Structures are given as C-alpha cells and as structure tokens.
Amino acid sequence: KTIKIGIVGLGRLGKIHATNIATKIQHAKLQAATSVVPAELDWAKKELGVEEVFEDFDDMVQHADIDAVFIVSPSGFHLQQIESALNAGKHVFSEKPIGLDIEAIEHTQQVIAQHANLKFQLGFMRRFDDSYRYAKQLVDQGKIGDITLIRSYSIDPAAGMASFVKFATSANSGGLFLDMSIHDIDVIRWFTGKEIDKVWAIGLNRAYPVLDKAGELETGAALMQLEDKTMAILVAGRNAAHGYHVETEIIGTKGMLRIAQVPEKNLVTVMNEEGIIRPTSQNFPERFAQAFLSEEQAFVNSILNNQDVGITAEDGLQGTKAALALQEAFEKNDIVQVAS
C-alpha cells in the first residue's frame, strides 16, 4: 500500500522533503506534520493538504495515522526523536547530523539496534547523487586503482553570508566543520571503507573579520590521515563567489577523478566580453535536488521491500565524531586523534 509519513520540521529542508513526499514520492502520503511554528502547519495544510498537525513530536507519534517519520528538526532534537518514534514503532528517517553528543549517539545506536524490526536511515544524500554514484561505480570497478588521496570542498555561496552574519551575531554553532564537512567525511568513508585516524585544521576570517568577534568561521582547511595512511584534504567555507562549490576529487594509483570540478548549473555555456562563461549551481536544494528525491524514495522502498539502505547510525556517529575532532584541532591549532 501507501506509506503514510509524518514529518517533523518545516524549515529550509523540511519544506523540501514535505513537498517531495507529498507530490513526487510514489507509494507515499504525507499525513502528519509537526512544527512549533503555526504558520508552517497552516502552510502544510492549506498547501500540501496535511491532515494531522502538532506542536509536539510525541503528540504526533502517539495519535497520528502514520507508519514512518522524517526528522527534519534541529540537530539537538534528533536523538530523542529517533528513540521516541522507534518506541512508538515508527520507521525512522533522520537528517544529518544524527546528533551532537557522542554518548547519546552511542546510546541511540542501540535503541535502533534493538528495534531491528524497524528501518533506520540517515540523510547523507550525497550517497544518492547520480554523479557521486557514477564515480563510486568507477572506483569499485577499479578504474582508478587504489585510492591514495581524497580532496573534498564544501563551500556555501557568498549570497548567503548576509544572513549567516546576523545569525552568527545572534546565535552560535554548530561550527564550520560540523555544518559543512560532515558530508565530506561520510563521502570519504564511503569511498575508502576506512576510518579517519588524525586531523589538523586551520581557519581564517578575511572577508568578514567581524566573525572573529562572533566566534565563527568563514573559511577552513584540514589535513587528515586515514587508518591505512590514505590521505584526505578538506576545505569548508561560507564565502564562495561563484556559487555552491561542492567538489570531490579522488586520486588513485591508476587514475584520478573529480566530481563537480566546477559546479556546472546545466548544459548552457555563455560567451560574451567576459570570455567563456559557465553558469553555476547556487545552493544545496538546487545541486542536490535529485539526491533528496532519491533518498526519499529509497526510504519508502526500503520499508515496502524490507531492505536495508546501508546508511547507519554508525555512519552518523563517525561523521559527528570526525567533525568534532576537526573543530577541536582548529581550537587548539594542533593535531587531534579522532578516537579521543
């Protein structure tokens, strides 16, 4: 039949997932919707046709006619919400990060384990991106030999700095590497099958020095050594002049590849007095639209066919963990072991 879904969270990404499930995802019905903001639930109802609205997640979980939940609430809320819906026997989708505190994660990683009758999936959608999957297949086919180095760039567009400042001046966290680099960590683990041993990170505020006063970072770089001495390089950022730069390079013994060497918007190339111009993708909903739909449909399908997707809490744990180590290494300006 049709998988009834109650979503929690209708911010930036909530609205995308909401809209997709409602209108694009087959075998799916967006039945419930939770938010502490009434306007969103009114948008939910008088735009997507949502039936049961709530202001408390558990309220949604106990009374709603749903089989599964999409957790698109802020990070600090994920772990209790995952435990809570599993306890109510819901299948669970949670956005990244899985959570912030390791202990809690380790704890939730068993609740999920003890509910092996329920599907759990984490929102590392890059795993579903056609381009990443294309490369992943090349690597698995042995087309570049053995991986020696991965470089991954995740830089937010400068058009977003305005609202990042202001926000940064009103609130804090989760930090540059926990916001931007955790997808890269997962991409690194996915491709190599290895784990990260130690990291060093540096950072710089140069476009907007005021970020020094707000305890935030505009640009960051890191070097990592994996457990098998495979090398990794990261850049994270918030000030990309050209758009949304997410690029992943993989160097091997027999070749080399790059996924979005440049963030090509489409098949159009423009020529004018500037020279040869290629328009670019501008933000994550644009760049990763396809990936979001594919992860959404994967979840549903994993429930109907009783099949594991393969993105586990362990992947969530190690993501958050390595992210934290980058942050710590930045603060200390020194090398940090991930296991500590």
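Residue indices: 1-based, along the sequence shown.
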| item | value |
| --- | --- |
| Segment of higher mean CA temperature factor, 254 to 262 or 120 to 128 | 120 to 128 |
| 323 to 331 versus 20 to 28 - greater average Cα B-factor per the deposited record | 20 to 28 |
| Most elevated Cα B-factor in the entry, residues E286, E273, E295, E52 | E52 |
| Deposited CA B-factor, highest of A158, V111, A135, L149 | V111 |
| Chain-relative CA temperature factor third for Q290 | middle |
| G243, C-alpha B-factor rank within chain (lowest, middle or highest third) | lowest |
| Third of chain Cα B-factors occupied by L267 | lowest |
| For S73, the third of its chain into which the C-alpha B factor falls | highest |
| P38 - which third its CA temperature factor falls in, relative to the rest of the chain | highest |
